Protein chains: 2
Amino acid sequence: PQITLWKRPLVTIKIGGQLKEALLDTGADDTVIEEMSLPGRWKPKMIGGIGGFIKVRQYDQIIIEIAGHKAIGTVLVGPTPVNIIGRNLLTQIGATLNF
Amino acid sequence: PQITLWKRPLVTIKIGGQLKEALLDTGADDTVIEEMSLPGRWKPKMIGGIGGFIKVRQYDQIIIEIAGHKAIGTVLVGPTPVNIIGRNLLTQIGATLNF
Ligand SMILES: COc1ccc(S(=O)(=O)N(CC(C)C)C[C@@H](O)[C@H](Cc2ccccc2)NC(=O)O[C@H]2CCC[C@@]23CCO[C@H](c2ccccc2OC)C3)cc1
């Protein structure tokens, strides 16, 4: 699709058998999802943003369907105000910024 | 142009007579720029992201040059580590996300 930016670019994603809504976020290197249960081993880690840092759990090799496109990558799980799909997954669905 | 996302989507902008490097950020509602003086009046605002909030100064009707386009709009100035071009200006340069 072609997504204009008059509204937040929210999409439906499928992760760990659950549907979620998430924001396509070209300004985020990594993907950060609100607290949820995922299978497999995770590592504790901290990440930062504009206001400070948060504690997250890092899951590797997670399959995610982003607006019906399949991708695999690392997902960080923690207390984010919005689920954000970062560049590590945007590249894998072939997303580009065009103007 | 068409900008892929294997690296950060950084561009040179001209604002307040100065050249700065900034991120084209679909996840940002507004544009947030590091501390500088701009020639206009400002109002206080607080914005929130991952980790908490920061206090910024809101300037209106600021002209910013982004790759052959001139956008005019609101700019938030505050303690951000990275200059962020948000949707309020991305719409004016006709930017879309495509996949
Ligand atoms: C109303 O207007 C606004 C309101 C809020 C915002 S916003 O900016 O809050 N946002 C909103 C989004 C979180 C919903 C835009 C988002 O695209 C930021 C941009 C940004 C880039 C660089 C530095 C700081 C902000 N990406 C980010 O937060 O990406 C972080 C989180 C995961 C990947 C990330 C990349 C940058 O390095 C981070 C990091 C890691 C370790 C240590 C310190 C760190 O960072 C200080 C990690 C804007 C406008």
Side-chain angles (χ1 to χ4, degrees), chain A residues 1-11 13 21-34 45-56 65-71 73 76-99, chain B residues 1-11 13 21-34 45-56 65-71 73 76-99:
Chain A
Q2 171 144 297
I3 303 190
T4 47
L5 296 169
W6 295 107
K7 316 295 172 193
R8 283 185 177 196
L10 302 167
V11 294
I13 65 166
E21 178 169 282
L23 177 70
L24 303 181
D25 188 345
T26 57
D29 304 332
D30 308 294
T31 291
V32 190
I33 301 294
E34 66 203 348
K45 176 161 143 109
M46 284 171 284
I47 58 153
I50 214 138
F53 70 74
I54 60 170
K55 298 179 159 188
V56 298
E65 229 196 299
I66 305 159
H69 299 64
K70 198 168 308 243
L76 307 176
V77 179
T80 174
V82 50
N83 302 321
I84 60 174
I85 301 305
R87 292 190 297 99
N88 72 306
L89 293 177
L90 294 169
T91 57
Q92 299 298 290
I93 68 165
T96 58
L97 258 179
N98 295 256
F99 61 95
Chain B
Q2 168 201 126
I3 294 161
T4 61
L5 296 171
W6 305 99
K7 303 150 181 213
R8 285 185 176 168
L10 282 162
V11 296
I13 64 167
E21 163 193 290
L23 266 177
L24 298 181
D25 189 358
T26 60
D29 291 343
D30 288 312
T31 293
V32 190
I33 299 297
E34 63 195 349
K45 206 186 176 201
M46 285 166 46
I47 60 165
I50 274 167
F53 63 72
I54 64 175
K55 323 158 289 213
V56 298
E65 197 180 328
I66 320 167
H69 289 260
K70 280 178 175 197
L76 309 179
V77 174
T80 175
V82 180
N83 296 315
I84 288 143
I85 304 308
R87 291 189 298 100
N88 72 305
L89 302 184
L90 294 171
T91 53
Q92 300 202 23
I93 67 174
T96 59
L97 205 50
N98 295 90
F99 59 93

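All chains are named by letter (A, B, ...) in the order of the sequence lines, taking the proteins before the strands, and each is independently numbered beginning at 1. As a basis for the values below, the full set of heavy atoms in this structure was taken, side chains included, without hydrogen atoms, waters or symmetry mates.
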So, the part of A/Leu97 with a heavy atom under 4.5 Å from chain B: the answer is both
What's the spacing between A/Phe53 CZ and A/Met46 CE if we round to 0.5 Å? 6.0 Å
Contacts of B/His69 meeting ring pair (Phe, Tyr, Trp, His ring centres under 6.0 Å) (sequence neighbours excluded), chain-then-number -> none
With chain B as the partner, which of A/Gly52, A/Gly94, A/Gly48 has the greatest number of non-hydrogen pairs under 4.5 Å? A/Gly52
For B/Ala67 and A/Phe99, which heavy atoms make the closest approach, and how far apart are they? CB-CE1, 4.2 Å
Quick check on the interface: out of A/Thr96, A/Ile66, A/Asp25, who has the most heavy-atom pairs with chain B under 4.5 Å? A/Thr96
How long is the gap from CG on A/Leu76 to NZ on A/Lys45, to the nearest 0.5 Å? 6.0 Å
What part of B/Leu24 gets within 4.5 angstrom of chain A, counting heavy atoms only: side chain, backbone, both, or neither? both
With chain B, which of A/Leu23, A/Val32, A/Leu90, A/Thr91 has the greatest number of heavy-atom pairs at distances under 4.5 Å? A/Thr91
Counting only non-hydrogen atoms closer than 4.5 Å, can you tell me which residues of residues 77-86 of chain B sit against chain A? B/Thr80, B/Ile84
Taking heavy atoms only and a threshold strictly under 4.5 Å, list by residue number the residues of residues 2-10 of chain B that touch chain A; give 'none' if the list is empty. B/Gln2, B/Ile3, B/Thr4, B/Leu5, B/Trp6, B/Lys7, B/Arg8, B/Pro9
Out of curiosity, A/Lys70 NZ to A/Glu65 CD, how far, rounded to the nearest 0.5 Å? 5.5 Å
Residue selection (most heavy-atom pairs with chain B, distance under 4.5 Å) from A/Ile50, A/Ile47, A/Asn98: A/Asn98
Here the salt bridge (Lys or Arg N to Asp or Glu O under 4.0 Å) pairs for residues 81-97 of chain A, sequence neighbours left out, are A/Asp29-A/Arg87
Shortest non-hydrogen contact from A/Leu89 to A/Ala71? CD2-CB, 4.2 Å
Do B/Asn88 and B/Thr31 meet the criterion of a side-chain donor-acceptor pair at a distance under 3.5 Å? yes
